[PDB]
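Q: Structure file query.txt (compact mmCIF, N, CA and C atoms) right here:
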```
# COMPACT_ATOMS: atom_id res chain seq x y z
N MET A 1 0.84 -1.23 0.00
CA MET A 1 0.00 0.00 0.00
C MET A 1 0.86 1.26 0.00
N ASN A 2 1.01 1.87 -1.17
CA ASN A 2 1.81 3.08 -1.31
C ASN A 2 0.96 4.32 -1.06
N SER A 3 0.28 4.35 0.09
CA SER A 3 -0.57 5.48 0.44
C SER A 3 0.23 6.56 1.17
N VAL A 4 -0.24 7.80 1.08
CA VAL A 4 0.44 8.91 1.73
C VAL A 4 -0.18 9.20 3.09
N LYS A 5 -1.43 8.80 3.26
CA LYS A 5 -2.12 8.98 4.52
C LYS A 5 -1.75 7.85 5.47
N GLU A 6 -1.50 6.67 4.89
CA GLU A 6 -1.11 5.51 5.66
C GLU A 6 0.35 5.61 6.06
N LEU A 7 1.17 6.08 5.13
CA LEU A 7 2.59 6.25 5.38
C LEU A 7 2.86 7.46 6.27
N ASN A 8 1.90 8.39 6.30
CA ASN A 8 2.03 9.59 7.11
C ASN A 8 2.06 9.26 8.60
N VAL A 9 1.27 8.26 8.97
CA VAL A 9 1.19 7.83 10.36
C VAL A 9 2.45 7.08 10.77
N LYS A 10 2.86 6.12 9.94
CA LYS A 10 4.05 5.33 10.22
C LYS A 10 5.28 6.23 10.30
N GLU A 11 5.34 7.23 9.42
CA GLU A 11 6.46 8.16 9.40
C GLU A 11 6.60 8.88 10.73
N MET A 12 5.61 9.69 11.05
CA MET A 12 5.60 10.44 12.30
C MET A 12 5.86 9.53 13.50
N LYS A 13 5.43 8.28 13.39
CA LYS A 13 5.61 7.30 14.45
C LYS A 13 7.08 7.20 14.85
N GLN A 14 7.91 6.73 13.92
CA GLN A 14 9.34 6.59 14.18
C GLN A 14 10.09 7.89 13.91
N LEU A 15 9.36 8.99 13.85
CA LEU A 15 9.95 10.30 13.61
C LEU A 15 10.34 10.96 14.93
N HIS A 16 9.37 11.06 15.82
CA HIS A 16 9.59 11.66 17.13
C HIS A 16 10.64 10.88 17.92
N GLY A 17 10.86 9.63 17.54
CA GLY A 17 11.84 8.81 18.23
C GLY A 17 11.21 7.59 18.89
N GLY A 18 11.71 7.24 20.06
CA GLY A 18 11.18 6.09 20.78
C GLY A 18 11.68 6.02 22.21
N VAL A 19 10.92 5.34 23.07
CA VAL A 19 11.29 5.20 24.47
C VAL A 19 11.64 3.75 24.81
N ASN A 20 12.32 3.56 25.93
CA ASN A 20 12.71 2.23 26.37
C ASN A 20 12.54 2.08 27.88
N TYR A 21 11.30 1.88 28.31
CA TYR A 21 11.00 1.72 29.73
C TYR A 21 11.35 3.00 30.50
N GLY A 22 10.59 4.06 30.24
CA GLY A 22 10.83 5.32 30.92
C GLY A 22 10.01 5.47 32.19
N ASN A 23 10.12 4.48 33.07
CA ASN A 23 9.39 4.51 34.33
C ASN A 23 10.22 5.14 35.44
N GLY A 24 11.53 5.22 35.23
CA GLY A 24 12.40 5.81 36.23
C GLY A 24 12.69 7.27 35.96
N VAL A 25 11.63 8.07 35.84
CA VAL A 25 11.77 9.50 35.58
C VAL A 25 11.99 10.26 36.88
N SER A 26 12.49 11.49 36.76
CA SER A 26 12.74 12.33 37.93
C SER A 26 12.21 13.74 37.72
N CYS A 27 12.36 14.58 38.74
CA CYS A 27 11.90 15.96 38.68
C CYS A 27 12.87 16.82 37.88
N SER A 28 12.41 17.37 36.77
CA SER A 28 13.25 18.22 35.92
C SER A 28 12.39 19.08 35.00
N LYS A 29 12.39 20.38 35.25
CA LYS A 29 11.63 21.33 34.45
C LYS A 29 10.12 21.12 34.56
N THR A 30 9.71 19.97 35.09
CA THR A 30 8.30 19.66 35.25
C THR A 30 8.09 18.72 36.43
N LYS A 31 6.85 18.61 36.89
CA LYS A 31 6.52 17.73 38.01
C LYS A 31 7.03 16.31 37.76
N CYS A 32 7.41 15.63 38.83
CA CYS A 32 7.91 14.26 38.73
C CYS A 32 6.85 13.26 39.18
N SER A 33 5.65 13.40 38.64
CA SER A 33 4.55 12.51 38.99
C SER A 33 3.85 12.00 37.74
N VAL A 34 3.33 10.78 37.80
CA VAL A 34 2.64 10.18 36.67
C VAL A 34 1.19 9.84 37.02
N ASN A 35 0.34 9.78 36.00
CA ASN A 35 -1.06 9.46 36.20
C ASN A 35 -1.37 8.05 35.72
N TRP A 36 -0.74 7.07 36.36
CA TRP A 36 -0.93 5.67 36.00
C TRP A 36 -2.26 5.11 36.53
N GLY A 37 -3.12 5.99 37.05
CA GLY A 37 -4.39 5.55 37.57
C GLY A 37 -5.56 6.05 36.74
N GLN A 38 -5.76 7.36 36.74
CA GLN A 38 -6.83 7.97 35.97
C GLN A 38 -6.74 7.56 34.50
N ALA A 39 -5.67 7.98 33.82
CA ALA A 39 -5.50 7.62 32.42
C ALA A 39 -5.30 6.12 32.24
N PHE A 40 -5.26 5.43 33.35
CA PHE A 40 -5.14 3.98 33.33
C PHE A 40 -6.46 3.43 32.86
N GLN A 41 -7.53 4.05 33.35
CA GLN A 41 -8.88 3.70 32.97
C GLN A 41 -9.16 4.24 31.56
N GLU A 42 -8.39 5.25 31.16
CA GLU A 42 -8.53 5.86 29.85
C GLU A 42 -8.16 4.87 28.75
N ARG A 43 -6.96 4.30 28.87
CA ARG A 43 -6.47 3.33 27.90
C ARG A 43 -7.37 2.10 27.85
N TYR A 44 -8.01 1.80 28.97
CA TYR A 44 -8.90 0.66 29.06
C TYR A 44 -10.13 0.86 28.19
N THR A 45 -10.60 2.10 28.11
CA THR A 45 -11.77 2.44 27.31
C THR A 45 -11.41 2.52 25.83
N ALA A 46 -10.32 3.22 25.53
CA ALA A 46 -9.87 3.38 24.16
C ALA A 46 -9.45 2.04 23.56
N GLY A 47 -8.95 1.15 24.42
CA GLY A 47 -8.52 -0.16 23.96
C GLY A 47 -9.68 -1.03 23.53
N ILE A 48 -10.64 -1.23 24.43
CA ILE A 48 -11.80 -2.05 24.14
C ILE A 48 -12.58 -1.49 22.94
N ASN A 49 -12.58 -0.17 22.81
CA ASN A 49 -13.28 0.48 21.71
C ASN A 49 -12.80 -0.06 20.37
N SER A 50 -11.50 0.02 20.13
CA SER A 50 -10.91 -0.47 18.90
C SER A 50 -11.13 -1.97 18.76
N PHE A 51 -11.15 -2.66 19.89
CA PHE A 51 -11.35 -4.10 19.91
C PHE A 51 -12.75 -4.45 19.41
N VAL A 52 -13.74 -3.67 19.83
CA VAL A 52 -15.12 -3.90 19.42
C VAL A 52 -15.24 -3.93 17.90
N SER A 53 -15.17 -2.77 17.26
CA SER A 53 -15.30 -2.68 15.82
C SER A 53 -14.42 -3.69 15.11
N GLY A 54 -13.13 -3.68 15.40
CA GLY A 54 -12.26 -4.65 14.76
C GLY A 54 -13.01 -5.95 14.56
N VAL A 55 -13.73 -6.34 15.60
CA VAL A 55 -14.55 -7.53 15.58
C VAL A 55 -15.99 -7.22 15.12
N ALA A 56 -16.74 -6.55 16.00
CA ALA A 56 -18.13 -6.21 15.77
C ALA A 56 -18.35 -4.95 14.94
N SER A 57 -18.13 -3.82 15.60
CA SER A 57 -18.35 -2.50 15.03
C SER A 57 -17.46 -2.18 13.82
N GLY A 58 -16.68 -3.16 13.36
CA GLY A 58 -15.81 -2.93 12.23
C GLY A 58 -16.11 -3.86 11.07
N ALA A 59 -16.18 -5.15 11.35
CA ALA A 59 -16.46 -6.15 10.31
C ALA A 59 -15.49 -6.02 9.14
N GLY A 60 -14.23 -5.73 9.46
CA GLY A 60 -13.23 -5.58 8.42
C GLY A 60 -11.87 -6.14 8.83
N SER A 61 -11.89 -7.18 9.65
CA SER A 61 -10.66 -7.80 10.12
C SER A 61 -10.36 -9.09 9.35
N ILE A 62 -11.40 -9.67 8.76
CA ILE A 62 -11.26 -10.91 7.99
C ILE A 62 -10.35 -11.92 8.69
N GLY A 63 -10.57 -12.10 9.99
CA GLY A 63 -9.76 -13.03 10.75
C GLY A 63 -10.57 -14.22 11.24
N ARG A 64 -11.60 -14.59 10.48
CA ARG A 64 -12.46 -15.72 10.84
C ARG A 64 -12.80 -15.72 12.33
```
Can the structure from this file be put into structure tokens for me?
A:
Amino acid sequence: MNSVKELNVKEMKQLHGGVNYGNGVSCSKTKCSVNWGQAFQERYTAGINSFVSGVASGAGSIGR
């Protein structure tokens, strides 16, 4: 797929760079606290959402 909209996402993806287990952060220029609770429930909602369609609300996975 030589798409520009599809390649646009992949590009920016490995463009900004990448992380490798950045759980050991410290206080520098900004607060040294993480929201692994509130947004924890956030990813849970966004995750199941994509899962639904992929299967149900999507009907375009062709994965038997």
Q: One decimal, Å: what's the distance from atom C of residue 18 in chain A over to CA of residue 31 in chain A, could you say?
A: 20.3 Å
Q: For the atom pair atom C of residue 30 in chain A and atom C of residue 42 in chain A, what is the interatomic distance in Å to one decimal place?
A: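 Atom C of residue 42 in chain A lies at a distance of 22.7 Å from atom C of residue 30 in chain A.
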Q: So the first atom is CA of residue 51 in chain A and the second is atom N of residue 64 in chain A; what is the distance between them in Å, to one decimal place?
A: 14.1 Å
